[PDB]
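[1] my sequence and its experimental structure, below.
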Amino acid sequence: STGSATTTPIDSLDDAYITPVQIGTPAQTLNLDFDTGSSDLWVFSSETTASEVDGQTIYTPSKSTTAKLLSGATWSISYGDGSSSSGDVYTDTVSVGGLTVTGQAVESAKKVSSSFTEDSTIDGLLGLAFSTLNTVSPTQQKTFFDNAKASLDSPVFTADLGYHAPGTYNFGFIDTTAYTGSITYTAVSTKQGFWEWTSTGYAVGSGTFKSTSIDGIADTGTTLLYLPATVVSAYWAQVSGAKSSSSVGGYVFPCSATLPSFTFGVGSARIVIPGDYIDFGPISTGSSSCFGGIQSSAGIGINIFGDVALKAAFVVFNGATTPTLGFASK
């Protein structure tokens, strides 16, 4: 089997992407944030504290003939940005782009943090990291991909995120028309439960490539590119007037700037992030200070190849017995 679904930016900045997901019988379609940095599929629901719902579409398990309470199971997750959610668990039928999993754990939120409430466009998350990170207790549950894997034509999914435009998540096949040149594959460590890999270096604009190992995660659920302070300083040094602002919470730059590109290495291959992808616009409405899309990972504890990086590539998440990651230009 295969599946193919379009993923759409939630706003003009590409802060996140939503993908429609069918849950239950008859189908209830929710728009979920596919997150290769976590491993829970959770939804706003009829059980979510009413004051914490503001415009989201909810899953109502009592209206699904295939929903079953997973007795005794609870979940609770905290994300890198400080947001969180928790609740109980149902199993139900879940379909993505024509690919159907029966008995998928659907984690129903009883509580969500303010960041989730305040984002009316995201109805939940669909985790695509390794199932070892799943938070359901006392019986850990599998991700949608893990459950689908054996049925897929090939044990892979691909992320093809757009810049200020829709893109695609495919399951079970590699669309050879969706990228240019060849896909370069690189080793993955699953030791931390992430799609963790090592970039071979970077360049800023038309500058020379610096060969240096950068360990990080491919994370569709993180907006920006978070890299070591040395790398980030070298980038922003090429933008007149750019500075790190502790009050704002990262590097800012004059909105009048033309940003240089940023290249990262994948083996001997190179992925080029155009400068415009690194512009996250005014820090507040009407400001002439703009927020940068490359930020320091110092004190995150890990480097994160988030959407800024991934949307410059066609990315293969290869879930074979020994997982790997592939990157192509597009």
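    Structure received. Numbers count the residues shown, from 1 in each chain.

[2] could you pull out the strands for the stretch 51-200 of the chain?
    Assigned by DSSP state E, counting those that start in this stretch, the strands in the stretch 51-200 of the chain fall at 68-78, 84-96, 99-112, 124-127, 156-160, 167-171, 184-187, 196-204.

[3] of those strands, flag the one that's most buried.
    With neighbours defined as mean count of other C-beta atoms under 10 Å, the strands of the stretch 51-200 of the chain peak in mean count at strand 124-127, which reaches a mean of 27. For every residue, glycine as well, the C-beta is placed using N, CA and C.

[4] what lines up beside that strand in the sheet?
    Sheet pairing of strand 124-127 (DSSP bridges) gives strand 28-35 (parallel), strand 41-43 (antiparallel).

[5] kindly export the first one (C-alpha atoms) in CSV.
    Output for strand 28-35, consisting of C-alpha atoms alone and laid out as CSV, is shown next (Å, rounded to 0.1, in the frame of the first residue of the first chain):
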residue,chain,number,x,y,z
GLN,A,28,-13.7,12.7,11.2
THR,A,29,-11.1,14.8,9.3
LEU,A,30,-8.7,16.7,11.5
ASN,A,31,-5.7,18.8,10.3
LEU,A,32,-2.6,17.5,12.1
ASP,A,33,0.9,18.8,12.4
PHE,A,34,3.1,15.9,11.2
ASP,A,35,6.1,15.9,13.5
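
[6] please report how far the closest residue to residue 318 other than its chain neighbours lies from residue 258.
    Among residues not flanking residue 318 along the chain, residue 324 sits closest, at 4.6 Å (C-beta to C-beta, 6 or more residues apart in numbering). As judged by C-beta to C-beta, to the nearest Å, residue 324 and residue 258 stand 36 Å apart.

[7] ramachandran coordinates for residue 236?
    In terms of degrees, to the nearest 10, the main-chain angles of residue 236 are phi -70, psi -20.

[8] go ahead and confirm it touches residue 296.
    No - using C-beta atoms under 8 Å, residue 236 is not in contact with residue 296; the gap is 9.7 Å.

[9] where do the contact lists of these two overlap?
    Taking C-beta atoms under 8 Å, 6 or more residues apart in numbering as the contact rule, residue 236 and residue 296 both touch 244, 251.

[10] when the two are compared, which one has more neighbours?
    The residue with more neighbours, out of residue 236 and residue 296, is residue 236; 23 against 19, by other C-beta atoms under 10 Å.

[11] for that one, what are its contacts?
    242, 243, 244, 251, 253, 292, 294.
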